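Protein chains in written order, with the deposited numbering: chain G, 330 to 363, 365 to 406; chain F, 1 to 390.
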């Protein structure tokens with residue numbers, strides 16, 4: 330089955346955290362996971379929403395719609 | 001000469017190892033675990049898929065009483081209803097007004113979809129660790145593919161490699177696992193013959209080719225409507241269809257240490273669990289004697305630029321006075337800092353430039369160029385981006 334993709338959100342960084350300004354044109358699935367404790371969380375983004383995600387030392391993987399997953403790591 | 005070292009089980013991280021053979025010039029080897037695969041041994045317990053409520057034409061016994069026989073079928077249900085008077089388009093189906101019975105029959109077998117749409121219940125035990133270690137050997141990159149058991153010698157360019165045994169026998173996998181297409185799930189699945197209705201395992205088949213299947217689906221046959229030929233029933237909907245929407249995120253998304261999960265065969269790729277011992281039997285020809293190697297004297301070190309980060313944010317200029325021309329190994333004698341280059345071409349009364357990585361704001365480190373050490377003083381500043389994407 331063929332599918333499409335969304336646009337890359339405007340990304341801003343902070344101390345052990347990532348801030349994304351999501352601008353969806355249609356309902357888009359936003360999923361993320363951490365290490366030993368992945369703590370999987372998912373939400374369908376309908377309109378303009380700012381998301382604040384904590385980036386642990388082990389790393390954070392974020393999937394925004396049909397796009398390839400984004401990987402984030404904190405600076406030593 | 002056998003060089004024994006231990007690196008953490010982390011893919012995409014180059015590690016520097018100092019080989020010091022007595023009476024021979026030091027050797028710096030860069031090792032990187034291209035890809036780390038943790039393949040557990042699988043034992044198939046059963047297959048699950050969507051069931052098929054098989055309801056044949058009801059046996060309407062006109063002027064008589066039908067009899068239910070105990071059939072060895074999954075979720076077999078039989079009920080004989082009395083005082084039935086059914087109608088078809090051209091009037092009543094039975095000659096008698098009273099004494100007509102309807103025998104309703106139903107059972108739950110594998111659907112036609114079971115060969116295409118199915119989940120497999122596996123018993124996962126003792127994961128076999130494998131990893132191809134890119135080695136910067138004699139200024140060239142060599143690839144070594146070996147079983148991480150500590151009993152598999154792989155020889156590349158006359159250097160014998162013994163990888164493992166793995167410090168951790170685990171793998172983003174529990175004792176009981178469930179596989180659906182390209183997704184793996186950690187699930188304490190019910191054993192064969194213990195599956196509940198409307199849940200994962202409502203229908204259980206030992207193999208996808210199996211003839212006799214287990215079935216437990218709350219199938220209850222109801223009395224048909226007045227003058228109506230049909231088989232009304234109350235049931236529990238497909239457990240496999242229910243699991244498909246209730247499964248949640250797979251191990252590829254939930255596993256710690258950034259594990260990547262693949263299928264055919266099921267494996268944990270690029271995870272971070274435990275470490276990996278490495279044994280390298282380096283041949284005599286690869287080594288150069290201390291007398292045959294250049295002698296380092298009148299050394300000084302200056303750091304014109306430094307940023308303490310995960311990557312090589314530090315720059316160091318080392319001035320030297322070499323006895324002859326030749327190759328010299330570069331290695332940090334301080335575990336707090338790591339140098340990017342393993343080998344440099346030495347000339348005479350010249351200088352060399354190195355790239356280093358550190359987390360310390362005040363970096364005090366010793367650099368060993370060939371067989372002589374030089375002290376480096378660095379004042380490293382904080383990075384600009386708190387978060388990096390590698």
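Using N, Cα and C, we set each Cβ at its ideal position, and we do this for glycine too.
query                                                                                                                  : result
Classification of residue 23/F by the beta-carbon crowding that lies within 10 angstroms, buried from 16 upward        : exposed
Residues within the region 239-260 of chain F neighbouring chain G, beta-carbon criterion of under 8 Å                 : 248, 249, 253, 254, 255, 256, 257, 258
Min CB distance residue 385/F to chain G below 8 Å                                                                     : yes
Beta-bridge partners of residue 363/F, as assigned by DSSP                                                             : 378/F
Beta-carbon neighbours of residue 403/G, restricted to chain F and to distances below 9 Å                              : 310, 387, 388, 389, 390
Cβ separation of residue 94/F and residue 63/F, assumed to be a contact under 8 Å, to the nearest whole Å              : 7 Å
Segment limits, beta strand (DSSP E) that includes residue 171/F                                                       : Run containing residue 171/F: none; DSSP gives neither H nor E here.
Selection of the region 340-364 of chain F by Cβ proximity to chain G, strictly under 8 Å                              : 359
Short Cβ contact (8 Å threshold) for residue 215/F with residue 56/F                                                   : no
Under 8 Å between C-beta atoms of residue 370/F and residue 277/F                                                      : no
Own chain residues within Cβ distance below 8 Å of residue 315/F, not counting five before or after                    : 303, 304, 305, 306, 353, 354, 355, 356
Proximity of residue 130/F and residue 219/F at Cβ, strictly below 8 Å                                                 : no
Sub-8 Å separation of residue 332/F and residue 4/F beta-carbons                                                       : no
Three-way DSSP call (helix, strand, coil) for residue 114/F in this model                                              : helix
Reference residue 328/F, options 337/F, 348/F, 267/F, closest by Cα                                                    : 348/F
Residue 401/G: first and last residue of the uninterrupted beta strand (DSSP E) it sits in                             : 400-404
Short CB-CB distance (under 8 Å) between residue 408/G and chain F                                                     : In the structure displayed, chain G extends from 330 to 406; residue 408/G sits before or after that span and is not available.
Near-chain F residues of the region 333-358 of chain G - C-beta to any C-beta below 8 Å                                : 342, 343, 344, 345, 346, 347
Opening and closing residue of the alpha helix (DSSP H) in which residue 383/G lies                                    : Note, residue 383/G: premise wrong, no alpha helix (DSSP H); beta strand (DSSP E) at 379-384.
Local Cβ density within 10 Å of residue 127/F, reported as buried at 16 or more and exposed below that                 : buried
Per DSSP, cross-strand counterpart(s) of residue 349/G                                                                 : 340/G, 381/G
Best match in 362/F, 363/F, 344/F, 374/F for proximity to residue 28/F [C-alpha to C-alpha]                            : 344/F
is_contact[residue 389/G, chain F] using C-beta, thresh 8 Å                                                            : yes
Under 7 Å by beta carbon: chain F residues contacting residue 365/G                                                    : 256, 257
Endpoints, the alpha helix (DSSP H) within which residue 240/F is located                                              : 239-246
Host beta strand (DSSP E) of residue 253/F (start-end)                                                                 : Careful: residue 253/F lies outside any beta strand (DSSP E), inside the alpha helix (DSSP H) at 251-254.
Endpoints, the beta strand (DSSP E) within which residue 298/F is located                                              : 296-305
Residue range of the beta strand (DSSP E) that includes residue 286/F                                                  : Element bounds for residue 286/F: n/a, residue is neither H nor E.
C-beta contact flag for residue 121/F and residue 46/F at 8 Å                                                          : yes
Contacts that residue 372/G makes with chain C (C-beta to C-beta distance below 8 Å)                                   : The chain inventory of the structure shown lacks chain C, comprising the protein chains G and F.
Closest residue to residue 338/F among 312/F, 325/F, 169/F, 100/F (Cα-Cα distance)                                     : 312/F
Other residues of its chain near residue 364/G: CB distance less than 7 Å, five sequence neighbours each side excluded : Because chain G is numbered from 363 directly to 365, the model contains no atoms for residue 364/G.
CB contact check: residue 331/G to chain F, cutoff 8 Å                                                                 : no
Exposure label - residue 243/F; buried when at least 16 CB within 10 Å                                                 : buried
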